[PDB]
Amino acid sequence: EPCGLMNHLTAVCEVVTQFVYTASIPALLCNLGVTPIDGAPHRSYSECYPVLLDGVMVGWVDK
Amino acid sequence: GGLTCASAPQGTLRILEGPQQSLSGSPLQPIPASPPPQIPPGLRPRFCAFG
């Protein structure tokens with residue numbers, strides 16, 4: 001009765017449990033080439049990727 | 001003496017900082033592959049018949 005519903009992790013698999021700052025990441029993504037949600041994407045909003053980081057949309061790295 | 005709109009910019013520059021790619025070496029494993037199980041040298045029979 002529990003088939004396919006009760007699974008088990010492989011030996012190498014693991015759950016993430018650490019918590020980090022993730023505050024300097026939005027400022028690094030912009031150095032890398034992302035353009036903030038505020039504007040000037042430099043393309044057409046259709047040739048651009050919507051960047052998300054943990055629910056918060058940094059916004060629109062060029063394609 | 002106030003601020004007025006000036007001429008439209010003629011171009012835009014977007015700066016980002018980027019490093020480059022190295023050569024493809026693809027060094028897959030320290031001791032690589034699945035090394036095969038194998039024969040211990042000589043071994044010898046560890047059993048004899050009676051008589």
# chains A, B, ... in the order shown; residues from 1 in each chain; ligands from 1
>>> interface_residues(of="chain B", to="chain A", cutoff="7 Å", atoms="only C-alpha atoms", output="ChimeraX atom specification")
/B:16-18
>>> write_last_selection(atoms="N, CA, C and O atoms", output="PDB file, in the first residue's frame")
ATOM      1  N   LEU B  16      29.721  45.827 -16.773  1.00  0.00           N
ATOM      2  CA  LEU B  16      29.622  44.679 -15.850  1.00  0.00           C
ATOM      3  C   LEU B  16      31.070  44.178 -15.762  1.00  0.00           C
ATOM      4  O   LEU B  16      31.825  44.524 -16.657  1.00  0.00           O
ATOM      5  N   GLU B  17      31.453  43.450 -14.711  1.00  0.00           N
ATOM      6  CA  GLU B  17      32.834  42.918 -14.556  1.00  0.00           C
ATOM      7  C   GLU B  17      32.831  41.410 -14.817  1.00  0.00           C
ATOM      8  O   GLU B  17      32.112  40.702 -14.104  1.00  0.00           O
ATOM      9  N   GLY B  18      33.587  40.935 -15.810  1.00  0.00           N
ATOM     10  CA  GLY B  18      33.549  39.497 -16.147  1.00  0.00           C
ATOM     11  C   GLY B  18      34.913  38.845 -16.322  1.00  0.00           C
ATOM     12  O   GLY B  18      35.760  39.438 -17.013  1.00  0.00           O
TER      13      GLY B  18
END
>>> select_by_dssp(residues="chain A", states="helix (DSSP H, G or I)", output="CSV table (one decimal) with N, CA, C and O atoms, in the first residue's frame")
chain,number,residue,atom,x,y,z
A,25,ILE,N,24.6,39.2,-2.5
A,25,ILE,CA,24.3,38.5,-3.7
A,25,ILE,C,23.6,39.4,-4.7
A,25,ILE,O,24.0,39.5,-5.9
A,26,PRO,N,22.6,40.1,-4.3
A,26,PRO,CA,21.9,41.1,-5.2
A,26,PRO,C,22.8,42.1,-5.7
A,26,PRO,O,22.6,42.6,-6.9
A,27,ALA,N,23.8,42.6,-5.0
A,27,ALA,CA,24.8,43.6,-5.4
A,27,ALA,C,25.8,43.0,-6.3
A,27,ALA,O,26.4,43.7,-7.1
A,28,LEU,N,26.1,41.7,-6.2
A,28,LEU,CA,27.0,41.0,-7.1
A,28,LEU,C,26.4,40.7,-8.4
A,28,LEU,O,27.0,40.8,-9.5
A,29,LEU,N,25.1,40.3,-8.4
A,29,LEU,CA,24.5,39.9,-9.7
A,29,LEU,C,24.5,41.1,-10.6
A,29,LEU,O,24.6,40.9,-11.8
A,30,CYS,N,24.4,42.3,-10.1
A,30,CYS,CA,24.4,43.5,-10.9
A,30,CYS,C,25.8,43.8,-11.5
A,30,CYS,O,25.8,44.3,-12.6
A,31,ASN,N,26.9,43.4,-10.8
A,31,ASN,CA,28.2,43.5,-11.3
A,31,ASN,C,28.4,42.6,-12.5
A,31,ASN,O,29.1,42.8,-13.4
A,32,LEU,N,27.7,41.4,-12.3
A,32,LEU,CA,27.9,40.3,-13.3
A,32,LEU,C,27.2,40.7,-14.6
A,32,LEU,O,27.7,40.3,-15.7
>>> residues_around(residues="residue 37 of chain A", least_positions_apart="5", cutoff="12 Å", atoms="only C-alpha atoms", output="number ranges by chain")
A: 26, 30, 45, 48-52, 56-61
